[PDB]
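Dropping work-v9.tsv in here (TSV, C-alpha atoms (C1' of nucleotides)):
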chain	number	residue	atom	x	y	z
A	148	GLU	CA	-18.65	-0.08	-26.10
A	149	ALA	CA	-18.09	-3.17	-28.24
A	150	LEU	CA	-14.33	-2.94	-27.61
A	151	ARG	CA	-14.77	-3.67	-23.90
A	152	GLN	CA	-17.01	-6.65	-24.66
A	153	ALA	CA	-14.46	-7.98	-27.16
A	154	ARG	CA	-11.66	-7.59	-24.60
A	155	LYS	CA	-13.72	-9.39	-21.95
A	156	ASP	CA	-14.50	-12.23	-24.36
A	157	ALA	CA	-10.82	-12.51	-25.30
A	158	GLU	CA	-9.78	-12.64	-21.64
A	159	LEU	CA	-12.48	-15.27	-20.97
A	160	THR	CA	-11.48	-17.48	-23.91
A	161	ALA	CA	-10.51	-21.05	-23.04
A	162	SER	CA	-7.01	-20.79	-24.56
A	163	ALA	CA	-6.43	-24.53	-24.56
A	164	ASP	CA	-2.72	-24.18	-25.34
A	165	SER	CA	-0.71	-24.11	-22.11
A	166	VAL	CA	1.90	-21.60	-23.30
A	167	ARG	CA	-0.78	-19.20	-24.51
A	168	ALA	CA	-2.58	-19.51	-21.17
A	169	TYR	CA	0.65	-18.76	-19.29
A	170	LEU	CA	1.30	-15.73	-21.50
A	171	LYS	CA	-2.23	-14.48	-20.82
A	172	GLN	CA	-1.71	-14.98	-17.08
A	173	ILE	CA	1.60	-13.10	-17.02
A	174	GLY	CA	0.14	-10.33	-19.19
A	175	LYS	CA	-2.39	-9.29	-16.53
A	176	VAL	CA	0.10	-7.42	-14.33
A	177	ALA	CA	1.92	-4.17	-15.13
A	178	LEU	CA	5.60	-3.19	-14.86
A	179	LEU	CA	7.71	-1.12	-12.47
A	180	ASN	CA	9.50	1.82	-14.08
A	181	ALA	CA	12.16	3.41	-11.87
A	182	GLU	CA	11.33	3.69	-8.16
A	183	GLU	CA	8.71	1.07	-7.23
A	184	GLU	CA	11.47	-1.56	-7.26
A	185	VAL	CA	13.34	0.29	-4.50
A	186	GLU	CA	10.16	0.61	-2.43
A	187	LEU	CA	9.42	-3.10	-2.83
B	343	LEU	CA	8.36	-39.60	-20.64
B	344	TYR	CA	9.36	-40.91	-17.21
B	345	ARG	CA	12.24	-38.42	-17.06
B	346	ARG	CA	9.91	-35.55	-17.95
B	347	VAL	CA	7.40	-36.57	-15.28
B	348	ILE	CA	10.11	-36.93	-12.62
B	349	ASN	CA	11.72	-33.60	-13.54
B	350	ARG	CA	8.41	-31.76	-13.36
B	351	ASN	CA	7.52	-33.42	-10.04
B	352	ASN	CA	10.88	-32.46	-8.52
B	353	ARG	CA	10.52	-28.89	-9.78
B	354	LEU	CA	7.05	-28.73	-8.23
B	355	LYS	CA	8.50	-29.94	-4.93
B	356	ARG	CA	11.18	-27.24	-5.06
B	357	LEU	CA	8.66	-24.53	-5.96
B	358	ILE	CA	6.40	-25.54	-3.06
B	359	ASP	CA	9.38	-25.60	-0.70
B	360	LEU	CA	10.60	-22.14	-1.73
B	361	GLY	CA	7.17	-20.51	-1.50
B	362	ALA	CA	6.57	-19.43	-5.09
B	363	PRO	CA	3.47	-17.36	-5.92
B	364	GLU	CA	0.23	-19.02	-6.97
B	365	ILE	CA	0.73	-18.43	-10.72
B	366	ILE	CA	4.01	-20.35	-10.93
B	367	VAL	CA	2.76	-23.24	-8.78
B	368	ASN	CA	-0.43	-23.54	-10.83
B	369	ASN	CA	1.57	-23.52	-14.07
B	370	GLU	CA	3.87	-26.24	-12.73
B	371	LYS	CA	0.91	-28.37	-11.64
B	372	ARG	CA	-0.67	-27.99	-15.09
B	373	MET	CA	2.62	-29.07	-16.68
B	374	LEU	CA	2.73	-32.12	-14.38
B	375	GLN	CA	-0.85	-33.02	-15.35
B	376	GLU	CA	-0.01	-32.71	-19.05
B	377	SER	CA	3.13	-34.83	-18.62
B	378	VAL	CA	1.21	-37.61	-16.87
B	379	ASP	CA	-1.55	-37.49	-19.50
B	380	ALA	CA	1.03	-37.74	-22.28
B	381	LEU	CA	2.68	-40.65	-20.46
B	382	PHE	CA	-0.53	-42.66	-20.18
B	383	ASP	CA	-1.91	-41.83	-23.65
B	384	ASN	CA	-0.07	-39.53	-26.06
B	385	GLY	CA	-2.32	-37.62	-28.45
B	386	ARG	CA	-5.70	-37.64	-26.72
B	387	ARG	CA	-5.47	-34.01	-25.57
B	388	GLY	CA	-3.52	-31.28	-27.31
B	389	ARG	CA	-0.62	-31.99	-29.63
B	390	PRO	CA	1.57	-35.11	-29.36
B	391	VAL	CA	4.99	-34.88	-27.75
C	99	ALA	CA	-0.12	-33.05	-6.37
C	100	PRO	CA	-2.88	-35.46	-7.47
C	101	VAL	CA	-3.29	-35.99	-11.22
C	102	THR	CA	-6.42	-37.26	-12.95
C	103	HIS	CA	-6.39	-40.31	-15.22
C	104	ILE	CA	-6.60	-39.48	-18.92
C	105	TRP	CA	-8.66	-42.59	-19.77
C	106	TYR	CA	-11.60	-41.66	-17.52
C	107	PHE	CA	-11.71	-37.95	-18.45
C	108	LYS	CA	-10.92	-37.53	-22.17
C	109	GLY	CA	-13.32	-40.18	-23.39
C	110	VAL	CA	-16.51	-40.43	-25.41
C	111	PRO	CA	-18.55	-40.40	-23.25
C	112	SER	CA	-16.63	-38.83	-20.34
C	113	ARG	CA	-17.08	-41.07	-17.30
C	114	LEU	CA	-16.07	-38.32	-14.87
C	115	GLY	CA	-18.58	-36.00	-16.52
C	116	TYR	CA	-21.40	-38.52	-16.14
C	117	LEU	CA	-20.45	-39.29	-12.54
C	118	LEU	CA	-20.18	-35.64	-11.43
C	119	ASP	CA	-22.83	-34.21	-13.82
C	120	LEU	CA	-20.25	-31.86	-15.34
C	121	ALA	CA	-19.88	-30.94	-19.00
C	122	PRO	CA	-16.61	-32.03	-20.68
C	123	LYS	CA	-15.61	-28.40	-21.24
C	124	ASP	CA	-16.21	-27.66	-17.55
C	125	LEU	CA	-14.03	-30.62	-16.55
C	126	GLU	CA	-11.30	-29.51	-18.97
C	127	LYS	CA	-11.34	-26.00	-17.50
C	128	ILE	CA	-11.35	-27.27	-13.91
C	129	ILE	CA	-8.58	-29.86	-14.18
C	130	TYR	CA	-6.32	-27.73	-16.40
C	131	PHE	CA	-6.32	-24.65	-14.12
C	132	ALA	CA	-8.66	-22.33	-16.01
C	133	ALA	CA	-11.63	-21.74	-13.67
C	134	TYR	CA	-12.47	-22.16	-10.00
C	135	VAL	CA	-15.09	-24.65	-8.81
C	136	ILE	CA	-17.01	-24.32	-5.54
C	137	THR	CA	-16.51	-27.59	-3.66
C	138	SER	CA	-19.02	-26.74	-0.92
C	139	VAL	CA	-20.94	-23.81	0.55
C	140	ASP	CA	-22.21	-23.23	4.10
C	141	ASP	CA	-25.87	-22.55	3.38
C	142	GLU	CA	-26.91	-22.19	7.03
C	143	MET	CA	-24.25	-19.60	7.85
C	144	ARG	CA	-25.04	-17.64	4.68
C	145	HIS	CA	-28.76	-17.64	5.48
C	146	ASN	CA	-28.28	-16.61	9.12
C	147	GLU	CA	-26.10	-13.60	8.24
C	148	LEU	CA	-27.74	-12.73	4.90
C	149	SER	CA	-29.45	-9.59	6.24
C	150	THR	CA	-26.24	-8.18	7.73
C	151	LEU	CA	-24.31	-8.81	4.51
C	152	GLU	CA	-27.05	-7.14	2.46
C	153	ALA	CA	-27.00	-4.15	4.83
C	154	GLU	CA	-23.21	-3.88	4.47
C	155	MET	CA	-23.55	-4.06	0.68
C	156	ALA	CA	-26.15	-1.28	0.80
C	157	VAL	CA	-23.79	0.79	2.96
C	158	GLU	CA	-20.99	0.27	0.43
C	159	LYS	CA	-23.29	1.32	-2.42
C	160	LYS	CA	-24.33	4.42	-0.46
C	161	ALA	CA	-20.67	5.27	0.13
C	162	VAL	CA	-19.80	4.93	-3.55
C	163	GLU	CA	-22.83	7.06	-4.45
C	164	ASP	CA	-21.63	9.71	-1.99
C	165	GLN	CA	-18.17	9.61	-3.59
C	166	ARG	CA	-19.79	10.03	-7.02
C	167	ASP	CA	-21.78	13.00	-5.70
C	168	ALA	CA	-18.59	14.54	-4.30
C	169	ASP	CA	-16.89	14.13	-7.68
C	170	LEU	CA	-19.93	15.66	-9.40
C	171	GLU	CA	-19.93	18.67	-7.07
C	172	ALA	CA	-16.18	19.11	-7.60
C	173	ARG	CA	-16.82	19.15	-11.35
C	174	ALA	CA	-19.67	21.62	-10.79
C	175	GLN	CA	-17.49	23.99	-8.76
C	176	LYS	CA	-14.71	23.75	-11.36
C	177	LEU	CA	-17.27	24.65	-14.02
C	178	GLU	CA	-18.46	27.57	-11.89
C	179	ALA	CA	-14.87	28.79	-11.55
C	180	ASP	CA	-14.44	28.50	-15.32
C	181	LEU	CA	-17.65	30.49	-15.87
C	182	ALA	CA	-16.44	33.17	-13.44
C	183	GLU	CA	-13.14	33.36	-15.33
C	184	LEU	CA	-14.99	33.67	-18.65
C	185	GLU	CA	-17.03	36.49	-17.11
C	186	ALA	CA	-13.81	38.16	-15.92
C	187	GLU	CA	-12.33	38.55	-19.42
C	188	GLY	CA	-14.06	38.28	-22.78
C	189	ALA	CA	-13.80	35.12	-24.85
C	190	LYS	CA	-15.20	33.68	-28.06
C	191	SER	CA	-18.25	31.42	-28.09
C	192	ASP	CA	-16.43	28.52	-29.78
C	193	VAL	CA	-14.07	27.92	-26.85
C	194	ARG	CA	-17.02	28.19	-24.46
C	195	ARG	CA	-18.88	25.50	-26.42
C	196	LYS	CA	-15.73	23.36	-26.49
C	197	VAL	CA	-15.26	23.52	-22.72
C	198	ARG	CA	-19.00	22.93	-22.21
C	199	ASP	CA	-18.94	19.74	-24.27
C	200	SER	CA	-15.69	18.66	-22.59
C	201	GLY	CA	-17.35	19.04	-19.19
C	202	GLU	CA	-20.42	17.17	-20.42
C	203	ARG	CA	-18.22	14.33	-21.67
C	204	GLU	CA	-16.34	14.23	-18.36
C	205	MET	CA	-19.54	14.09	-16.30
C	206	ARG	CA	-20.97	11.40	-18.59
C	207	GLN	CA	-17.76	9.40	-18.14
C	208	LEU	CA	-18.08	9.73	-14.36
C	209	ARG	CA	-21.75	8.69	-14.53
C	210	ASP	CA	-21.04	5.60	-16.63
C	211	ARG	CA	-18.11	4.67	-14.37
C	212	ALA	CA	-20.47	4.85	-11.38
C	213	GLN	CA	-23.02	2.77	-13.30
C	214	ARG	CA	-20.36	0.15	-14.08
C	215	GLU	CA	-19.34	0.07	-10.41
C	216	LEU	CA	-22.97	-0.44	-9.37
C	217	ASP	CA	-23.39	-3.19	-11.97
C	218	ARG	CA	-20.23	-4.91	-10.71
C	219	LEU	CA	-21.51	-4.77	-7.12
C	220	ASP	CA	-24.89	-6.15	-8.20
C	221	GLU	CA	-23.22	-8.98	-10.12
C	222	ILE	CA	-21.04	-9.85	-7.12
C	223	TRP	CA	-24.06	-9.90	-4.81
C	224	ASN	CA	-26.07	-12.03	-7.24
C	225	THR	CA	-23.18	-14.48	-7.57
C	226	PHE	CA	-22.86	-14.74	-3.79
C	227	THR	CA	-26.60	-15.28	-3.31
C	228	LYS	CA	-26.77	-17.91	-6.08
C	229	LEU	CA	-23.63	-19.68	-4.84
C	230	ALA	CA	-23.87	-23.47	-4.98
C	231	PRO	CA	-21.51	-26.45	-5.32
C	232	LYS	CA	-20.34	-27.55	-8.77
C	233	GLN	CA	-20.44	-23.99	-10.12
C	234	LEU	CA	-17.59	-22.53	-12.18
C	235	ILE	CA	-16.37	-19.00	-11.47
C	236	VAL	CA	-14.50	-18.33	-14.71
C	237	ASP	CA	-13.55	-14.76	-13.71
C	238	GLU	CA	-10.42	-14.69	-11.54
C	239	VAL	CA	-11.03	-11.19	-10.15
C	240	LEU	CA	-14.60	-12.13	-9.20
C	241	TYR	CA	-13.36	-15.14	-7.23
C	242	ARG	CA	-10.64	-13.04	-5.59
C	243	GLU	CA	-13.24	-10.47	-4.52
C	244	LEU	CA	-15.53	-13.21	-3.18
D	221	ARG	CA	-14.23	-21.12	-38.83
D	222	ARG	CA	-16.25	-19.74	-41.72
D	223	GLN	CA	-16.72	-15.97	-41.96
D	224	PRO	CA	-18.73	-13.97	-44.51
D	225	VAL	CA	-16.52	-12.53	-47.24
D	226	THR	CA	-18.09	-9.08	-46.76
D	227	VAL	CA	-16.29	-8.86	-43.40
D	228	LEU	CA	-12.98	-9.56	-45.14
D	229	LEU	CA	-13.75	-7.02	-47.87
D	230	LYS	CA	-14.58	-4.33	-45.30
D	231	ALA	CA	-11.45	-5.18	-43.31
D	232	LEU	CA	-9.35	-4.57	-46.44
D	233	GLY	CA	-10.47	-0.93	-46.63
D	234	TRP	CA	-13.64	-1.18	-48.73
D	235	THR	CA	-17.00	0.31	-47.75
D	236	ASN	CA	-20.58	-0.78	-48.37
D	237	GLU	CA	-20.85	1.46	-51.44
D	238	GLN	CA	-17.68	-0.07	-52.91
D	239	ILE	CA	-19.05	-3.59	-52.40
D	240	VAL	CA	-22.41	-2.64	-53.94
D	241	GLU	CA	-20.84	-1.00	-56.99
D	242	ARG	CA	-18.27	-3.79	-57.46
D	243	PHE	CA	-20.46	-6.86	-56.87
D	244	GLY	CA	-23.85	-5.50	-57.94
D	245	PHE	CA	-24.38	-8.18	-60.60
D	246	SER	CA	-24.65	-11.03	-58.06
D	247	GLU	CA	-27.44	-12.08	-55.72
D	248	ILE	CA	-25.42	-14.22	-53.29
D	249	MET	CA	-23.08	-11.32	-52.48
D	250	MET	CA	-26.01	-8.99	-51.76
D	251	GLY	CA	-27.67	-11.64	-49.60
D	252	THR	CA	-24.48	-12.13	-47.60
D	253	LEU	CA	-24.01	-8.37	-47.23
D	254	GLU	CA	-27.57	-7.96	-45.94
D	255	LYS	CA	-27.24	-10.96	-43.60
D	256	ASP	CA	-23.79	-10.08	-42.22
D	257	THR	CA	-25.26	-8.16	-39.24
D	258	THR	CA	-21.98	-6.24	-38.98
D	259	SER	CA	-21.13	-2.69	-40.03
D	260	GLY	CA	-17.99	-0.57	-40.09
D	261	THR	CA	-14.32	-1.37	-40.58
D	262	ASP	CA	-12.91	-1.54	-37.03
D	263	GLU	CA	-15.62	-3.95	-35.84
D	264	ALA	CA	-15.04	-6.33	-38.75
D	265	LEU	CA	-11.27	-6.17	-38.23
D	266	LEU	CA	-11.66	-6.96	-34.53
D	267	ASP	CA	-14.00	-9.85	-35.34
D	268	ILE	CA	-11.46	-11.25	-37.82
D	269	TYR	CA	-8.66	-10.92	-35.26
D	270	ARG	CA	-10.75	-12.67	-32.60
D	271	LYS	CA	-11.64	-15.51	-34.98
D	272	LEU	CA	-8.04	-16.00	-36.15
D	273	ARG	CA	-6.27	-15.71	-32.77
D	274	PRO	CA	-8.62	-16.21	-29.80
D	275	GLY	CA	-7.39	-15.03	-26.42
D	276	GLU	CA	-5.24	-12.16	-27.72
D	277	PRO	CA	-6.47	-8.67	-26.71
D	278	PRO	CA	-6.99	-6.82	-30.00
D	279	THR	CA	-6.12	-3.21	-30.73
D	280	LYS	CA	-6.18	-0.81	-33.68
D	281	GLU	CA	-2.83	-1.79	-35.23
D	282	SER	CA	-2.13	-5.40	-34.20
D	283	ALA	CA	-4.78	-6.88	-36.50
D	284	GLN	CA	-3.64	-4.82	-39.50
D	285	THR	CA	-0.01	-5.84	-38.96
D	286	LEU	CA	-1.06	-9.48	-38.59
D	287	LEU	CA	-3.04	-9.33	-41.85
D	288	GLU	CA	-0.15	-7.67	-43.69
D	289	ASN	CA	2.26	-10.32	-42.40
D	290	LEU	CA	-0.12	-13.12	-43.38
D	291	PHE	CA	-0.86	-11.93	-46.92
D	292	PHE	CA	0.87	-8.79	-48.24
D	293	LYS	CA	4.42	-9.25	-46.92
E	1	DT	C1'	-35.33	-31.04	-35.49
E	2	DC	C1'	-30.80	-30.03	-37.61
E	3	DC	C1'	-25.52	-30.18	-37.81
E	4	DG	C1'	-20.40	-28.92	-37.02
E	5	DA	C1'	-16.93	-32.03	-33.95
E	6	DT	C1'	-14.85	-36.15	-32.68
E	7	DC	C1'	-13.49	-41.03	-32.78
E	8	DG	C1'	-13.30	-45.97	-34.88
E	9	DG	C1'	-11.59	-48.56	-38.82
E	10	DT	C1'	-8.88	-49.41	-43.65
E	11	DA	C1'	-5.22	-58.06	-45.82
E	12	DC	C1'	-1.06	-61.08	-45.82
E	13	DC	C1'	4.45	-63.52	-46.64
E	14	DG	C1'	9.13	-61.76	-48.33
E	15	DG	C1'	12.93	-56.94	-47.07
E	16	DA	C1'	15.01	-52.69	-44.38
E	17	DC	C1'	18.20	-50.58	-40.89
E	18	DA	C1'	21.32	-45.92	-36.76
E	19	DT	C1'	20.59	-37.23	-36.39
E	20	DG	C1'	23.22	-32.93	-37.77
E	21	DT	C1'	23.64	-28.07	-31.94
E	22	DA	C1'	25.98	-25.59	-28.15
E	23	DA	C1'	26.39	-17.29	-26.46
E	24	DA	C1'	30.61	-18.77	-20.65
E	25	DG	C1'	34.03	-18.28	-16.62
E	26	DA	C1'	35.83	-18.24	-11.77
E	27	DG	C1'	36.18	-19.30	-6.60
E	28	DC	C1'	35.52	-22.67	-2.91
E	29	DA	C1'	34.65	-27.13	-1.07
E	30	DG	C1'	33.94	-32.37	-0.68
E	31	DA	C1'	35.32	-37.44	-1.69
E	32	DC	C1'	38.98	-40.73	-3.07
E	33	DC	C1'	43.66	-42.42	-4.26
E	34	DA	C1'	49.04	-42.66	-4.97
E	35	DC	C1'	53.10	-41.21	-2.46
E	36	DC	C1'	54.77	-40.92	2.20
E	37	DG	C1'	56.75	-39.55	8.12
E	38	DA	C1'	55.95	-41.86	13.57
E	39	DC	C1'	55.12	-45.96	17.47
E	40	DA	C1'	54.19	-49.56	20.39
E	41	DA	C1'	52.74	-54.60	20.41
E	42	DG	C1'	52.89	-59.22	18.41
E	43	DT	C1'	55.81	-62.29	15.59

Do you think you could lay out the structure here as structure tokens?
Amino acid sequence: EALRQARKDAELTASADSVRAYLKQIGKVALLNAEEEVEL
Amino acid sequence: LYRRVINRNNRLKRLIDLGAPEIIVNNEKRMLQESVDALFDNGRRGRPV
Amino acid sequence: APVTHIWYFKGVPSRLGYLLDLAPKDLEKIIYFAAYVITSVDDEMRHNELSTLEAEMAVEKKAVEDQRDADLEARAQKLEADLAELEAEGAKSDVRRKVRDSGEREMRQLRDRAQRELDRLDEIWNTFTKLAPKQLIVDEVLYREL
Amino acid sequence: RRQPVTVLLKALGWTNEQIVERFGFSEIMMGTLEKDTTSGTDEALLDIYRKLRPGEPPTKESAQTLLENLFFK
DNA sequence: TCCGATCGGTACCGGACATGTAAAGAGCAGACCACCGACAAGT
């Protein structure tokens, strides 16, 4: 719906500030809860 | 300004030597670009240092 | 790593923009690590192997359609099992309508997911066909897939 | 950037009927409400959040908390 | 054709002045200097 389009526009925003861009970049990936760390 | 540029360049050298992922290296290169731009003309792009 | 000169980029007019026929926003995105730019493309190699790549893309689309059909038939057999269970013991009509609309919503979700996958494949193929130098690929996942 | 005030009014919890019954004596308000090309509360709130803080993925509660922090806290 | 952003500029002589925070600690090693023992050859 419109929510997906808004999310895509937000992710495609220029984000001229360097710190904001870095936060957006690091926010793309997920976390490891309990066991994936051992496997890695 | 010269100290900031030299520090960021040395950190980029260390990151390349270690083998850091692409995100960290790209962030460091962007910081180096911003430091050089601020050195040559402070205030043209972004906020002044 | 090379660093561009601020005088010749952030100016009115932008000399780099005029030289390279690039908009100032495009230059800002490129030189500040925000979007990829295609330096060059091998047109001859792409044209020679275009038919094989299109055939492989068609095979991939056929495979994803077959997977969607398998998911649809799994949903259909689950619905048939639910109907058999409802025939085994009596139940009210409200719960039957609820499970019917839940199954309809699930199959519509699967259909729109398949449609989104097909649209993504079509967009990737169109981007590859229309690939040319001095073009910005602002989507990181699209460039990774390419 | 400029935003129509009807979007802000809807984002505060008011509906179209509330706006009509509250600002029915004015022509500019009605013209803005007809020309907003935006309906509902969640859509207006998401638009306000996008305008205020571009690049941040919005959700149901982040925009409301941001507005409360900005004004009513 | 219209218009939201961005960049350029805005008198002179005299004078005046100097930063305000720290989440630590330990183990091991390297370079340099003030105090020293021997031992044979030149003085």

Output as CSV one row per residue of chain C within 12 Å of chain A: the closest atom pair and its distance in Å to one decimal place, counting all atoms listed in the file, sorted by chain and residue number ascending.
residue,atom,partner,partner_atom,distance
C:123,CA,A:161,CA,9.1
C:124,CA,A:161,CA,10.3
C:126,CA,A:163,CA,8.9
C:127,CA,A:161,CA,7.5
C:128,CA,A:161,CA,11.1
C:129,CA,A:163,CA,11.9
C:130,CA,A:163,CA,8.8
C:131,CA,A:168,CA,9.5
C:132,CA,A:161,CA,7.4
C:133,CA,A:161,CA,9.5
C:210,CA,A:148,CA,11.3
C:214,CA,A:151,CA,11.9
C:235,CA,A:159,CA,10.9
C:236,CA,A:159,CA,7.3
C:237,CA,A:159,CA,7.4
C:238,CA,A:159,CA,9.7
C:239,CA,A:175,CA,10.9

Give me, as CSV, the closest atom pair and its distance (Å, one decimal) for every residue of chain D within a cut-off of 10 Å of chain A, counting all atoms listed in the file, rows sorted by chain and rising number.
residue,atom,partner,partner_atom,distance
D:262,CA,A:150,CA,9.6
D:263,CA,A:149,CA,8.0
D:266,CA,A:153,CA,7.9
D:267,CA,A:153,CA,8.4
D:270,CA,A:157,CA,7.3
D:273,CA,A:157,CA,9.3
D:274,CA,A:157,CA,6.2
D:275,CA,A:157,CA,4.4
D:276,CA,A:157,CA,6.1
D:277,CA,A:154,CA,5.7
D:278,CA,A:154,CA,7.2
D:279,CA,A:150,CA,8.8

Can you check which parts of chain B lie within 8 Å of chain C? Per residue, the shortest pair of atoms and distance in Å to one decimal, counting only C-alpha atoms, sorted by chain and number, as a Markdown table.
| residue | atom | partner | partner_atom | distance |
| --- | --- | --- | --- | --- |
| B:368 | CA | C:131 | CA | 6.8 |
| B:369 | CA | C:131 | CA | 8.0 |
| B:371 | CA | C:99 | CA | 7.1 |
| B:372 | CA | C:130 | CA | 5.8 |
| B:374 | CA | C:101 | CA | 7.8 |
| B:375 | CA | C:101 | CA | 5.6 |
| B:378 | CA | C:101 | CA | 7.4 |
| B:379 | CA | C:104 | CA | 5.5 |
| B:382 | CA | C:104 | CA | 7.0 |
| B:383 | CA | C:104 | CA | 7.1 |
| B:386 | CA | C:108 | CA | 6.9 |
| B:387 | CA | C:108 | CA | 7.3 |

What is the atom CA of residue 226 of chain D to atom CA of residue 253 of chain D distance in Å?
->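 So the answer is 6.0 Å.
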
Original post:
If you count all atoms listed in the file, which residues fall within 12 Å of segment 167-175 of chain C, apart from same-chain ones fewer than 5 positions away, as a ChimeraX atom specification?
Top reply: /C:160-162,180-182,198,200-209,211-212

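Straight-line separation from atom CA of residue 241 of chain C to atom CA of residue 222 of chain C: 9.3 Å.
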